[PDB]
Ligand code: HEM
Ligand SMILES: CCCCCCCCS[C@@H]1O[C@H](CO)[C@@H](O)[C@H](O)[C@H]1O
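In the UniProt record's numbering, the protein residues as written are 74 to 539.
Right, dumping it as structure tokens:
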């Protein structure tokens, strides 16, 4: 008896291979069913308390900073620096308070028209050769390109244009994301030694990518700042949008909050990463789930046909795309990004159920387990958008009491939750408006986990014009 009350899972080498190899969800789910809503994984240097229970997850997520960001904030410092997605303390409090006002309703309304619809129409245009010749297209890569192009336009008013062609800065983005994922699974953090970073090929390539990304963002910031200062631009209304530059960067510069240039670069870089692959993966799995579930796809097309009659979605249309919203909600239930949330106890605490943890205890919340647990959800493995009241509030962690956790919760909740849901709704509505879609047969659509749940082998679809 270690007096904590927490059962200890018995992990074998095969389980550890899964934890390091992109199949993290597999042993964690198996151990949830064997040991219950909370258990310990102590594998070598690591010691995690793994939480698979709504009530405990709620306690952990709402009690920030008692449960602090922990290992995650430490492993991705190389990419984000002190950007507020991983910063803590008064810096975090101030930067989040400064950035959240940029995501207001008028800004969202402008972005829907000029960014979400524009990039989704561009996606459809890039699919026209496949619609004509009937061949298969990897929609997971296409959605990744679209959501990258969206986030860059929304943050900087700059189009990476990865839907059209590759570029050095685009390659650098994926190189940086890869490095962040590998660092979370390295057996030995050799990259802490600076001399090894100068000779190990993976590290000298990662360092070049991070430099190019940081330089690109710095140049974008300096160019916008020159305009803002020269023109004497300041925020004078509530819900401010510069009509010529409807970007978050412009809003933040116009607000004239005291912030260093590097902190602003780090802030925007953290939003670039936070808003790209997550949104692309949500759209990927939603499209997969609809292509497996003809009744849902039919109901989704019926809604977009009736609500829009072929028009582009406007901001005011989004609240009427109710079933399409619940399709995305149910996709995020079955496939949460990331599938686990990380915390670390900063003081001793007692979790609901009288489970005791000490200062320093690393915590893993398996959102995948909570969403797929038969103790939490009926028919947990089925794609049923109808499980949500189509006339009720859109489900989230507060109104389901953390049985559904699509955007985390508590003080560190995702700040782009309204933004991202609106991007998925608009892009999926435009897709379903313009294209029929079928899953190519004989594929194995399986999960590989990193910062998001992505497919192991791609998501190949056939499309045709509607
Ligand atoms: C479907 C798309 C998205 C998903 C699934 C998602 C998911 C998440 C999750 C789970 C967290 C919390 C991590 C934690 O508590 O440890 C988070 C934080 C965050 N997200 Fe999102 N996100 C999405 C889109 C976006 C977008 C579009 C933006 C920016 C416009 C964004 C910006 C951020 C930021 C800045 C944070 C850090 C918040 C903080 O620590 O104070 N996300 N995201
Ligand atoms: C010998 C060690 C046994 C395996 C330890 C758990 C490895 C699972 S990867 C997991 O994914 C997160 C987000 O991607 C990272 O941030 C975490 O730090 C990391 O825990």
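For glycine and all other residues, C-beta sits at the position ideal for the given N, C-alpha and C.
Hey, how far is the Cα of residue 259 from the Cα of residue 252? 10 Å
Comparing the CB of residue 367 with every heavy atom of ligand 3, is any distance shorter than 6 Å? As far as ligands go, the structure on display features ligand 1 and ligand 2 and does not contain ligand 3.
Which class does residue 446 belong to by DSSP, given the choice of helix, strand or coil? coil
Based on the DSSP secondary-structure assignment, which residues constitute the bridge partners of residue 522? 526
Inter-residue CB distance, residue 220 and residue 353 (contact presumed, cutoff 8 Å): 4 Å
Residue 472 versus residue 266 - alpha carbon distance: 46 Å
Identify every run of the beta strand (DSSP E) within the segment 402 to 469, keeping only runs that are complete inside it and at least 3 residues long; order them along the chain. 413 to 418, 422 to 424, 428 to 430, 435 to 439
Who pairs with residue 120 in a beta bridge, going by DSSP? 115
From residue 118 to residue 141, what distance separates their C-alpha atoms? 20 Å
Quick check on residue 142: does DSSP put it in helix, strand or coil? coil
Given residue 536, which residues of its chain have a CB within under 6 Å of its CB, disregarding the five upstream and five downstream residues? 200, 203, 204, 508, 510
State buried or exposed for residue 506, treating a residue as buried only when at least 16 other CB atoms are found within 10 Å of its CB. buried
Expressed to the nearest angstrom, what Euclidean distance is found between the alpha-carbon atoms of residue 20 and residue 319? No information on residue 20 is available, as it lies outside the stretch 74 to 539 that the chain covers here.
Taking the alpha helix (DSSP H) that residue 330 falls in, what are its first and last residues? Looking at the DSSP string, residue 330 is not in any alpha helix (DSSP H), and its letter there is neither H nor E.
Three-pair Cβ contact test at 8 Å for the segment 384 to 402 versus the segment 437 to 447: no
Terminal residues of the beta strand (DSSP E) in which residue 537 lies: 533 to 538
Below 8 Å on the Cβ atoms is my contact criterion, and I expect residue 312 with residue 178 to pass it. Report the Cβ-Cβ distance as a whole number of Å. 6 Å
Between 80, 102, 97, which has its C-alpha nearest residue 447's C-alpha? 102
Rounded to whole angstroms, what is the Cα-Cα separation between residue 469 and residue 478? 6 Å
Can we say the segment 321 to 332 touches the segment 296 to 304, given the rule of at least three CB pairs closer than 8 Å? yes
Assuming residue 189 contacts residue 534 under a Cβ cut-off of 8 Å, what Cβ separation, rounded to an integer in Å, is found between them? In fact, because the Cβ distance is near 21 Å, the residues do not count as touching under 8 Å.
Could you give the C-beta distance for residue 145 and residue 423, rounded to a whole number, given that I count them as a contact under 8 Å? Not a contact, Cβ separation roughly 24 Å.
Which value, in whole angstroms, describes the spacing of the CA atoms of residue 283 and residue 271? 14 Å
If you follow the beta strand (DSSP E) that residue 512 is part of, which residue opens it and which one closes it? 508 to 512
Is it the case that the Cβ atoms of residue 532 and residue 357 are separated by a distance below 7 Å? yes
Enumerate in chain order the residues of its own chain whose CB-to-CB distance from residue 498 is below 8 Å, with the five nearest sequence positions on each side excluded. 386, 391, 394, 397, 398, 401
Do you know whose CA, among 116, 337, 381, lies nearest residue 435's CA? 116
Member of 484, 90, 480 whose CA lies at the smallest distance from the CA of residue 493: 480
Residue environment, residue 173, which counts as buried when at least 16 other CB atoms sit within 10 Å: exposed
Whole-angstrom Cβ separation of residue 474 and residue 127, contact assumed at under 8 Å? 6 Å
I believe residue 458 touches residue 317 by the beta-carbon criterion, under 8 Å. Please report the beta-carbon distance rounded to the nearest angstrom. Not quite, the Cβ-Cβ distance comes to about 40 Å (not below 8 Å), so this is no contact.
So for residue 106, helix, strand or coil by DSSP? helix
Spatial distance of residue 74 from residue 215 (CA atoms): 52 Å
Confirm the yes/no value for this check: CB of residue 483, any heavy atom of ligand 2, distance under 6 Å. no
Check the C-beta distance from residue 242 over to residue 181 and give it rounded, since I have them as a contact under 8 Å. Not confirmed; about 26 Å, so no contact.
Can you look up residue 314 in the DSSP assignment and give me helix, strand or coil? coil
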